[PDB]
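Report on the following structure.
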Protein chains: 2
Amino acid sequence: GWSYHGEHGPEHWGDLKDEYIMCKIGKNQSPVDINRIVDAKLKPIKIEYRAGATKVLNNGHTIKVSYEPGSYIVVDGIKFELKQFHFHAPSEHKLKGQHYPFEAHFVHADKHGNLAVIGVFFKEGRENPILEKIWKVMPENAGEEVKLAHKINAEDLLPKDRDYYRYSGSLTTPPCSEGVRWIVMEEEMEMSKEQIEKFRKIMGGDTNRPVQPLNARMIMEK
Amino acid sequence: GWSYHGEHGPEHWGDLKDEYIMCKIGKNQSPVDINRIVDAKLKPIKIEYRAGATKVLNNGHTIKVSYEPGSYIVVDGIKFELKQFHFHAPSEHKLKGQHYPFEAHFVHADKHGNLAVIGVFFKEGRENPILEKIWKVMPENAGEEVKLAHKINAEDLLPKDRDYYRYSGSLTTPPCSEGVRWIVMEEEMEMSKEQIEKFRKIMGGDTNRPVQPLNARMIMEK
Ligand SMILES: [Ca+2]
Ligand SMILES: [Ca+2]
Ligand SMILES: [Ca+2]
Ligand SMILES: [Ca+2]
Ligand SMILES: [Ca+2]
Ligand SMILES: [Ca+2]
Ligand SMILES: [Ca+2]
Ligand SMILES: [Ca+2]
Ligand SMILES: [Ca+2]
Ligand SMILES: [Ca+2]
Ligand SMILES: [Ca+2]
Ligand SMILES: [Ca+2]
Ligand SMILES: [Zn+2]
Ligand SMILES: [Zn+2]
């Protein structure tokens, strides 16, 4: 029942179900305005991806691309397998008070189900050729899914410069579970105005959760 | 009803009351074993304490010293007023898998009630002269409180070297509320074997919560 607008919208999520309690009481929620940063001696994140995108789903909240097993990242010496990537517009995270027009999330899970998410900002620019492959077959209605003709490598959607912001946060959609590793790439990717418009049109509106207070947290920068 | 031992002990806190739900579902709980650390460009914490300790209370869980208003620290540009300090044995936090025999917690709150705690480790060594003033009048039973003859300055219980570990965590006793700034001093203070035994004898046993998983967190070091 949750949505991005109106009476079931983000400010009310925590009243929708008992299972959604973190929305109401969480102190380590995402997304955030990346505005309290410290330089830190972070390790580079090992990204071991293979071409594995298989399906594209419109779930009514985003366009979500499933990934087949075998691609992973390493964070804190632990392997987190890539499950899926999906999109938001405008950006969920803000960077010193400002939005980007689009943000991608690459969702990973370790063997115990702990999650790590890589966030990539997209600005308005040149047409993105990888996205175009997805956009071409993007389902227009909630609940529809389509198989991709050819497997896409999610690594092509990540910047080559891999410096990043890191913090401890949450899922940005209910149940907004905490304990999530957030890795937000410092370098922005690019897509066309037309691509952004198409995504927004299909979604029917904004698909970002409002930024949540950092509270005690600091954001570490590599 | 909560305790450090038995059927109402730390593994069961989250089943005692609905208000203690964080103790069950929290992913940002304290204390922790400080074993995932990264160098960070953190600023010194500004410590503006005045001699202000007025009373000593045995609440059955610890010995807590109240502080009169006017003493504060600055974290993230925000003023957190020192409310009280209290003690645990053995240490709540561990440092690379090892306990210290004793730990002090200096509890601060900002105008909106957000909390910041400074933790200080104590090793067995020389008698601590400031703790001797408190220990001399320490109440032996739960529910007893005594006024100090002379006001103590809590600053004398902090190390002169002010490098620290920082992370986002929780209260270490129910309701174990999150959103707490933890500042754990890297340099240990000292007290006598007899000071440690006397505290432990009055408390009647261990007064530490077990270390909780780091989950998505890193500990930053100044
Ligand atoms: Ca810098
Ligand atoms: Ca950089
Ligand atoms: Ca760069
Ligand atoms: Ca740039
Ligand atoms: Ca770029
Ligand atoms: Ca920077
Ligand atoms: Ca170092
Ligand atoms: Ca030193
Ligand atoms: Ca040092
Ligand atoms: Ca030392
Ligand atoms: Ca020392
Ligand atoms: Ca060190
Ligand atoms: Zn997302
Ligand atoms: Zn404490």
Side-chain angles (χ1 to χ4, degrees), chain A residues 2-4 10 13 23 29-32 38-43 57-67 82-94 99-100 102-109 115-122 154 157 169-177 180-185 199 203 206-212 220, chain B residues 34-42 91 95-96 100-104 119-131 155-165 184-192 218-222:
Chain A
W2 68 266
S3 100
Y4 283 114
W13 288 349
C23 303
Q29 294 284 285
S30 297
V32 303
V38 64
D39 295 358
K41 287 196 186 66
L42 301 167
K43 297 197 63 181
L57 166 73
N58 176 332
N59 70 0
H61 297 305
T62 187
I63 297 302
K64 175 159 73 191
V65 184
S66 295
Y67 225 81
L82 180 62
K83 305 294 190 193
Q84 51 98 343
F85 63 92
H86 63 265
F87 309 103
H88 299 272
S91 69
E92 295 216 283
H93 290 90
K94 296 203 259 182
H99 284 277
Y100 283 80
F102 194 88
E103 186 172 336
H105 292 162
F106 303 78
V107 186
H108 314 70
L115 315 175
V117 192
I118 294 182
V120 177
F121 294 126
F122 285 73
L157 289 168
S170 76
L171 297 175
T172 68
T173 53
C176 301
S177 317
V180 178
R181 294 161 162 89
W182 279 92
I183 302 301
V184 176
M185 299 290 174
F199 180 83
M203 292 303 316
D206 283 355
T207 46
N208 62 314
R209 183 186 192 192
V211 289
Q212 303 295 308
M220 295 171 292
Chain B
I34 295 158
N35 66 7
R36 183 193 280 158
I37 312 157
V38 64
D39 292 358
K41 281 198 192 61
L42 299 164
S91 68
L95 182 61
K96 292 181 188 175
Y100 281 80
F102 195 83
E103 185 173 335
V120 177
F121 292 121
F122 286 71
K123 70 176 168 173
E124 194 187 305
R126 189 190 71 177
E127 276 232 333
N128 190 289
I130 289 77
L131 295 185
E155 199 155 357
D156 299 322
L157 288 168
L158 302 186
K160 294 281 192 197
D161 178 348
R162 309 271 166 90
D163 287 355
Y164 63 91
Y165 303 108
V184 176
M185 301 288 175
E186 183 192 61
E187 175 61 10
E188 86 295 314
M189 298 300 278
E190 253 172 279
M191 64 198 292
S192 69
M218 299 210 68
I219 311 303
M220 294 171 295
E221 184 194 343
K222 182 182 190 284

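Heavy atoms only: backbone and side chains are in, while hydrogens, waters and symmetry mates are out. Below, read A as the first sequence line, B as the second, and so on, with proteins coming before strands; counting in each chain starts at 1. Order of appearance sets the numbers: ligands from 1, and atoms from 1 within every ligand.
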Take the angle between the ring planes of [X] and [Y] and call it parallel below 30°, perpendicular above 60°, tilted in between.
{"X": "A:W2", "Y": "A:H61", "value": "parallel"}
{"X": "A:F122", "Y": "A:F102", "value": "perpendicular"}
{"X": "A:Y67", "Y": "A:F85", "value": "tilted"}

Among the N/O/S atoms of B:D39, select the one at the shortest distance from the Ca ion (ligand 7) and name it.
-> OD2
Whether B:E188 has an N, O or S atom under 3.0 Å from the Ca ion (ligand 11) | yes
Check whether any N, O or S atom of B:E190, backbone or side chain, sits closer than 3.0 Å to the Ca ion (ligand 11).
-> no
Rounded to 10°, how many degrees is the angle NE2/A:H86-the Zn ion (ligand 13)-NE2/A:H88?
-> 110°
How many angstroms lie between atom CG of A:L115 and atom CG of A:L171, to the nearest 0.5 angstrom?
-> 5.5 Å
Name of the B:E187 atom (N/O/S only) found closest to the Ca ion (ligand 11) = OE2
Pick one: which of A:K94, A:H93, A:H88 meets side-chain contact (heavy atoms from CB on, under 4.5 Å) with A:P31?
-> A:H93
Name of whichever N/O/S atom of A:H105 is nearest to the Zn ion (ligand 13) | ND1
